[PDB]
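A.B. asks: Pasting an experimental structure with its sequence.
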There are 4 protein chains.
Amino acid sequence: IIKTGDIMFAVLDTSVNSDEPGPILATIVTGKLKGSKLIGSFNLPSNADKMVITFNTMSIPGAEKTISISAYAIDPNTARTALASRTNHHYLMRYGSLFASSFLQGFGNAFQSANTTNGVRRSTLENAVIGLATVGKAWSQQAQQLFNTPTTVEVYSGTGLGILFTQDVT
Amino acid sequence: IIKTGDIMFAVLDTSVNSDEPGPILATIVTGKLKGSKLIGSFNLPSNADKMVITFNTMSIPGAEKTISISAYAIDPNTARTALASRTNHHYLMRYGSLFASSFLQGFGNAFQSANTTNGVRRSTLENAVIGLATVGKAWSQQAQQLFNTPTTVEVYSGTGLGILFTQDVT
Amino acid sequence: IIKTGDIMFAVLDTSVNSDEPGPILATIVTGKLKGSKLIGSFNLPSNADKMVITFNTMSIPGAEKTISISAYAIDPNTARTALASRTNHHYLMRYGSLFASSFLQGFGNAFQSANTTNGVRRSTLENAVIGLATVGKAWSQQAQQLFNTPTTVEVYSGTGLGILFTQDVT
Amino acid sequence: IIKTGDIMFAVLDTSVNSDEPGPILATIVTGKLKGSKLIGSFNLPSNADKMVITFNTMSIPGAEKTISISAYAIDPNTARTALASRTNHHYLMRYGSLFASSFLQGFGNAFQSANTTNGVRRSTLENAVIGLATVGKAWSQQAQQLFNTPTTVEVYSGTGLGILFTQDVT
């Protein structure tokens, strides 16, 4: 029997990544149900740096079959119902490719319009500056799509958890 | 039996955050129902700096099952029906990307049209000023969406509560 | 019998590539069910650098028929539910064909506009510079389509992996 | 009786080509069924450099008739489920006719615009340079459609391959 709100401590043993949807396994370590296997999933709230892990199957050792369950994983040392061993916003892929393609475009167009009647210029004044103006343009067309890469949240495979049951377990 | 308007004090033992929707657990500390566990949710009113915790399930120690309930969490200090241990308006994510990208755009376009019939310019007159006008423009297009990040309200895990019941308990 | 959450170690004897969809076979090495053949498939989540293997058939040596099954392959020493022995982002066929097709266009248009009204030029002033403006214009047209080639994830044929069963096996 | 996952080594005796749809025959060389005639087809995943061979009819010597079957051809020394003895992207047909058709157009237009009001240019200054702009413009028109020729995958007729059965044989 498990009441509602009964926190029991588990350990993660399947490291999760927000980019790869898959089942997550945890193993209860302390309590009258020691060694039970919790199978669940996760859900990134699309505006948060931590992912919410919900467990929906429990395999008690010595039980005949696995019982459906409603549960959530809270993070000890924070008591928050969200886990993030490492969150990663792509600051060099979304901002390093948006501040470098646009800069190339601007720095090339500036050299192009630096003289107008269209004026005699040296070969490198059109090689490594004006020529890049197009490189930064096309790159920019492929840099706005790189910006929409969601932040990736990874919970490692040794993290302790507090499993909180939101409903009674038969 | 808990009558409508009866207040018993809990302790919010699960830290909550507005970004991540998850269950909220509070253990009643004082009164004739000691150690009872309240499971509920939150709601950000989209125009307030505080969030409303509304408990809707109570598990009494010794009860056969968990009873449905209607309750609200009130801050013991201000007596308001809203909790916020820390409210975070993103003044650097939204006013640091709107005042810096647009400033770069303006500072670049100002150097672009400084002299016009465009005469000879030094390399930094197009590298570090004019070329930025594009990196501040694209950034601007990616900063009008950063402005819509909702304020993050966080209630800690030691926050004492008051529980106001708006319905009779049988 | 196999309970939910039971991890059985297997070796992948069929190398896989994300480009070509095909069945994947894994032979269990350790456990009470040794030598059983797991037939399954794979999925690339279109935003991750690793692929999720979903075994769905198990042939036990000594059985009369192959049993349906639900299991995922987890990568040991990482415990993640995704496998990747080599991940290939085509940084030369997508970015090398986008930074060179567009660079030719800009480098050619710069020489084309390098003098405008007479516009008297040399034979090499239009052979390998201005004449390359058009080809780049074509190449960059065919390089936007090259940018959409998905990354290829390859799991080799010696990769040992755990198998986590998400449902009971009777 | 053949289980699921059983690998039997066969040799191809019908060379295949991705451009020519048709049946592919293989003969099993090792095992208790030495001399069967696997008949199958192929598939090109439209983004891969190798083709997937799938057999769906097996003619055991001495059998009453040929049996419907499910199998895949895996390539030894790689173990991958795809075969390719020679992969041919038409680099000279697609890029040699794109970098020369478009180069002619630009090289001709550059000579055309090399002087504008006074066009005292000589006869060869329009024979094989300016006059080549139009033909190039035609060739580039017939080279965009030529760019979409799919890659040619060829598996030769001495190619030994393993056969992996994904279904039981009765």
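C.D. replies: Received the coordinates, thanks. Residues are numbered from 1 along each chain as shown, chains lettered A, B, ... in the order given.
A.B. asks: What strand or helix carries residue A:138?
C.D. replies: helix A:132-141 (DSSP states H and E).
A.B. asks: and that helix with helix B:132-141, angle?
C.D. replies: 10 degrees (axes from the mean of the first three to the mean of the last three CA atoms, to 10 degrees).
A.B. asks: Touching helix A:132-141 from outside, list them.
C.D. replies: A:97-98, A:100-109, A:111-112, B:134, B:138, C:98-99, C:101-103, C:105-106, C:109, C:136, C:140, C:143-144 (CB atoms under 8 Å, 6 or more residues apart in numbering or on different chains). For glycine as for every other residue, the C-beta is placed from the backbone atoms N, C-alpha and C.
A.B. asks: The longest helix along chain A packs against which elements?
C.D. replies: Longest among the helix segments of chain A by residue count, using DSSP state H, is helix A:98-112. If you count contacts as 3 or more CB pairs under 8 Å, 6 or more residues apart in numbering or on different chains; DSSP states H and E, helix A:98-112 packs onto helix A:132-141, helix B:124-127, helix B:132-141.
A.B. asks: of the contacts of helix A:132-141, buried ones?
C.D. replies: Neighbour-count burial (16 or more other CB atoms under 10 Å in any protein chain shown) is assigned, among these, to A:97-98, A:100-109, A:111-112, B:134, B:138, C:98-99, C:101-103, C:105-106, C:109, C:136, C:140, C:143.
A.B. asks: Contacts only, for residue A:27.
C.D. replies: Residues near residue A:27 by CB under 8 Å, 6+ apart: A:10, A:11, A:13, A:35, A:36, A:37, A:38, C:5.
A.B. asks: For the buried ones among the residues you listed, write the corresponding ChimeraX selection.
C.D. replies: For anyone working in ChimeraX, the buried entries among the contacts of residue A:27, judged by 16+ other CB under 10 Å, can be selected with:
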select /A:10,13,36,37,38 /C:5
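A.B. asks: Go back to the contacts of residue A:27 and keep what's next to chain B.
C.D. replies: The subset of these within reach of chain B, by CB under 8 Å from any CB of the partner chain, is empty.
A.B. asks: Among the contacts of residue A:27, name the ones in helices.
C.D. replies: Short answer: those have none in helices (DSSP H).
A.B. asks: So which of the contacts of residue A:27 is the closest to chain D?
C.D. replies: Chain D lies nearest to residue C:5 out of the contacts of residue A:27, by CB to the nearest CB, at 24.1 Å.
A.B. asks: backbone phi and psi for the closest one, please?
C.D. replies: Per-residue torsions, residue C:5: phi 90, psi 0 (degrees, to the nearest 10).
A.B. asks: Spatially nearest residue to it, not counting backbone neighbours?
C.D. replies: Excluding its sequence neighbours, the residue lying closest to residue C:5 (CB to CB, 6 or more residues apart in numbering or on different chains) is residue A:37, at 2.9 Å.
A.B. asks: Can you name the residues bridging to residue A:73?
C.D. replies: residue A:163 (DSSP bridges).
A.B. asks: Hmm, residue A:50 and it touching each other?
C.D. replies: No - with contact defined as CB atoms under 8 Å, residue A:73 does not count as touching residue A:50 (10.8 Å).
A.B. asks: Look at those two and report which has more neighbours.
C.D. replies: Counted by other CB atoms under 10 Å in any protein chain shown, residue A:73 and residue A:50 do not tie: residue A:73 has more neighbours, with 27 against 22.
A.B. asks: who's in contact with the more buried one?
C.D. replies: For residue A:73, counting by CB under 8 Å, 6+ apart, the contacting residues are A:10, A:26, A:40, A:52-55, A:81, A:83, A:161-164.
A.B. asks: just the strands in chain A please.
C.D. replies: Taking DSSP state E to define them, one finds strands in chain A at A:7-12, A:16-17, A:24-28, A:37-43, A:52-59, A:67-74, A:86-88, A:152-155, A:160-165.
A.B. asks: OK, contacts around the most centrally placed residue in chain A?
C.D. replies: Residue closest to the average C-alpha location in chain A (CA atoms, centre = their mean): residue A:152, at 1.8 Å. Counting by CB under 8 Å, 6+ apart, residue A:152 touches A:17, A:18, A:19, A:87, A:88, A:90.
A.B. asks: And it, how close does it get to residue C:163?
C.D. replies: Applying CB to CB, to the nearest Å, one obtains 25 Å for the distance of residue A:152 from residue C:163.
A.B. asks: Residue A:119 too?
C.D. replies: For residue A:119 relative to residue C:163 (CB to CB), the value is 69 Å.
A.B. asks: Quickly list what the closest residue to chain C within chain A is bridged to.
C.D. replies: Distances between chain A and chain C by CB to the nearest CB are smallest at residue A:37, namely 2.9 Å. Taking DSSP bridges as the rule, residue A:37 bridges to residue A:27, residue A:59.
A.B. asks: and residue A:19, what does it touch?
C.D. replies: Listed by CB under 8 Å, 6+ apart, the contact partners of residue A:19 are A:150, A:152, C:45, C:47, C:48, C:49.
A.B. asks: Can you get me a residue count around the closest residue to it other than its chain neighbours?
C.D. replies: The shortest distance from residue A:19 to any non-neighbouring residue, by CB to CB, 6+ apart, is to residue C:48 (3.7 Å). By other CB under 10 Å, 20 other residues sit near residue C:48.
A.B. asks: Kindly provide the distance from the residue of chain A positioned farthest from its centre to residue B:119.
C.D. replies: Centroid-distance maximum for chain A: residue A:117 at 52.6 Å, with CA atoms, centre = their mean. In this view, residue A:117 and residue B:119 are 12 Å apart by CB to CB.
A.B. asks: same thing with residue A:115?
C.D. replies: 7 Å.
A.B. asks: between these two, which one's more packed in?
C.D. replies: residue A:115 (16 against 10).
A.B. asks: For the more buried one, give its distance to residue C:161.
C.D. replies: 63 Å.
A.B. asks: Could you do residue A:82 as well?
C.D. replies: 29 Å.
A.B. asks: So which of these two has more stuff around it?
C.D. replies: Legend: neighbour count by other CB under 10 Å for residue A:82 and residue C:161, higher for residue A:82 (27 against 21).
A.B. asks: Look up the closest residue to that one, ignoring the ones flanking it.
C.D. replies: Nearest non-adjacent residue to residue A:82, counting by CB to CB, 6+ apart: residue A:50, 3.5 Å away.
A.B. asks: what do you get for residue A:35?
C.D. replies: Per CB to CB, 6+ apart, closest to residue A:35 is residue A:61, 4.9 Å.
A.B. asks: can you check residue A:12 too?
C.D. replies: Setting aside the residues directly before and after it, residue A:12 is nearest to residue A:159 in space (CB to CB, 6+ apart), at 4.7 Å.
A.B. asks: Which residues are in contact with the one you found?
C.D. replies: Contacts of residue A:159 (CB under 8 Å, 6+ apart): A:11, A:12, A:75, A:83, A:85.
A.B. asks: In ChimeraX, select just the buried ones from those.
C.D. replies: Typed into ChimeraX, the line below selects the buried ones among the contacts of residue A:159, using 16+ other CB under 10 Å:
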select /A:12,75,83,85
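A.B. asks: Got a PyMOL select line for the buried ones in the contacts of residue A:152?
C.D. replies: Restricted to buried positions by 16+ other CB under 10 Å, the PyMOL selection for the contacts of residue A:152 reads:
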select buried, chain A and resi 17+18+19
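A.B. asks: Looking at the contacts of residue A:152, which is nearest chain D?
C.D. replies: Using CB to the nearest CB, those come closest to chain D at residue A:19, 20.7 Å.
A.B. asks: ok, now how distant is that closest one from residue C:18?
C.D. replies: 14 Å.
A.B. asks: Please tell me how far residue A:22 sits from residue C:143.
C.D. replies: Per CB to CB, residue A:22 is found 35 Å from residue C:143.
A.B. asks: Now do the same contact list for residue A:43.
C.D. replies: A:51, A:52, A:54.
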